[PDB]
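Secondary and tertiary structure notes
Listed below are the residues making up each chain.
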Amino acid sequence: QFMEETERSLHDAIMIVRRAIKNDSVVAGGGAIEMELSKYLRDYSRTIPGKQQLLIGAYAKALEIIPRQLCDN
Amino acid sequence: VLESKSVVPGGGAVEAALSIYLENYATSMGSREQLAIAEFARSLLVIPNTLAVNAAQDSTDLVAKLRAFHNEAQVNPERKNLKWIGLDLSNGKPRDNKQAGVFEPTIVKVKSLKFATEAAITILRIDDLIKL
């Protein structure tokens, strides 16, 4: 039962490192970037809207769930 | 005006300026408290909705466009197409104070916000009404 997840770890390792060679541009993991985009889209939400505020803010909020859920479960 | 010479330019313009100011404060605070402050800020936004209602204007359209005029948080008649200031009771357009914006007195605004917070705590508190 232990092996099943340990195999998955090595497998996750091979894919991702390979995909690093191919796209040499690499950003921070951890869902770190997404919190900055939420904030970036929040700044533009303020600037842009004639009704757009609800919807651009929806896009921003939506990003934050993805790391927040992993804390929550 | 006569009792308290200190008065506040903006009616629904202050509330909407204030909504981003609180959230700017909220980003800096971090932790559990950042979300609580945020939600206080959403409730300031009812003020521009209620006037839209009475005017027979769109509500969501109306608040959006007021937050769109911004540089720093501060309300003034200096700008209106790049900063918040005033409303009308029949339109959502911003106005200057030599024109047809709204003002409130200082006293009417500080006493209201506060009174509404003490109320908000009391209703939220209860977890019964049942015959024991």
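Per the deposited record, cryo-EM is how this structure was determined, to a resolution of 7.7 Å.

1. Observations concerning the packing of aromatic side chains
Residue and element names in this part refer to chain A. Applying the stated criterion to the full structure yields 1 aromatic pair over all chains. Arranged with centres 6.0 Å apart and planes meeting at 80°, the rings of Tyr40 and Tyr44 form a pair that is edge-to-face. Taken together, the residues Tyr40 and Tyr44, both in helix α2 (residues 32-47) and 4 residues apart, mark about one turn of the helix. Judged by relative accessible area, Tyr40 falls into the partly exposed class, the value being 45%.

2. A word on a nonpolar patch on the surface
A cluster of nonpolar side chains, contributed by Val27, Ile33, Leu37, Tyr40 and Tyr44 of chain A, occupies part of the molecular surface with about 500 Å² of accessible area. By the secondary structure assignment, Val27 of chain A is in the loop between α1 (2-22) and α2.

3. Thoughts on the packing of helix α1 (residues 13-29) of chain B against helix α2 (residues 33-44) of chain B
Residue and element names in this part refer to chain B. One can describe the packing of α1 onto α2 by two numbers: an axis separation of 8 Å at closest approach and a directional angle of 175°. Considered as vectors, α1 and α2 are oriented roughly antiparallel to each other. Counting all contacts with α1, which are made through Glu15, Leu18, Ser19, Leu22, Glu23, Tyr25, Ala26, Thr27 and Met29, the residues of α2 involved are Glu33, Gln34, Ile37, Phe40, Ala41, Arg42 and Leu44. Its residues assigned to classes, the contact of α1 with α2 comprises 9 nonpolar, 3 polar and 4 charged.

4. Focus: the interface of chain B and chain A
Contacts between the two partners involve 16 residues from chain B, matched on the other side by 9 residues from chain A. Carbon and sulfur atoms make up 51% of the area that chain B and chain A hide from each other, which totals about 990 Å². It is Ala64, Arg67 and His70 of chain B in chain B that bury the most area against chain A; as a group they hold 39% of the surface buried on that side. Counting across the interface, chain B meets chain A through 0 salt bridges. Elements with a contribution of two residues or more to the side of chain B that touches chain A: α1 and α4 (59-68) of chain B. Among the elements that line the side of chain B that touches chain A, the one with the most residues is α4 of chain B, at 7 residues.

5. Notes on the nonpolar core
Residues and elements named next belong to chain B. Membership of the largest hydrophobic core is limited to 12 residues, which are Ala13, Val14, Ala16, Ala17, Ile20, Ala52, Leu62, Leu66, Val75, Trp84, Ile85 and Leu87. Among the secondary structure elements, those contributing two or more residues to this core are α1 and α4. Here the element with the most residues in this core is α1; it accounts for 5 residues. Once you skip the residues sitting within four places of it in the chain, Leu87 turns out to touch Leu51, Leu62, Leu66, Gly92, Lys93, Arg95, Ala100, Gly101 and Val102.

6. Points about the environment of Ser38 of chain A
All names here are of chain A. Along the polypeptide, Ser38 turns up in helix α2. For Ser38, a relative accessible area of 2% puts it in the buried group. In contact with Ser38, not counting residues within four places along its chain, are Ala60, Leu63 and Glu64. One polar contact links the side chain of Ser38 to the main-chain carbonyl oxygen of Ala60, over a distance of 3.0 Å.

Conventions and cut-offs
- Residues numbered from 1 in each chain as written, not as in the entry; some residues may be left out.
- Chains lettered and ligands numbered in written order.
- Part of a larger assembly, values for the part shown.
- Heavy atoms only, no water.
- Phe/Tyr/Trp six-rings, centres within 6.5 Å; stacked < 30°, edge-to-face > 60°.
- Helix = DSSP H or I, 4+ residues; strand = E, 2+ residues; numbered from the N terminus.
- Buried < 20%, exposed > 50% of the residue type's maximum accessible area, 1.4 Å probe, protein only.
- Patch = residues over 30% accessible without salt bridge, like charges linked within 9 Å, V, L, I, M, F, W, Y side chains within 5 Å.
- Areas by Shrake-Rupley, 256 points an atom, 1.4 Å probe, with all protein chains shown as cover.
- Salt bridge = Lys/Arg side-chain N within 4 Å of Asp/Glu carboxyl O.
- Axes fitted to C-alpha atoms, helices over the stretch in contact; angles between N-to-C directions.
- Parallel < 35°, antiparallel > 145°, perpendicular 65-115°, else oblique.
- Contact = heavy atoms within 4.5 Å.
- Nonpolar A, V, L, I, M, F, W, Y, C, P; charged D, E, K, R; others polar.
- Buried area = accessible area lost by both parts, 1.4 Å probe.
- Core = buried A, V, L, I, M, F, W, Y, C linked by side-chain atoms within 4.5 Å.
- Polar contact = N/O pair within 3.5 Å; in protein donor to acceptor, adjacent residues only side chain to side chain.

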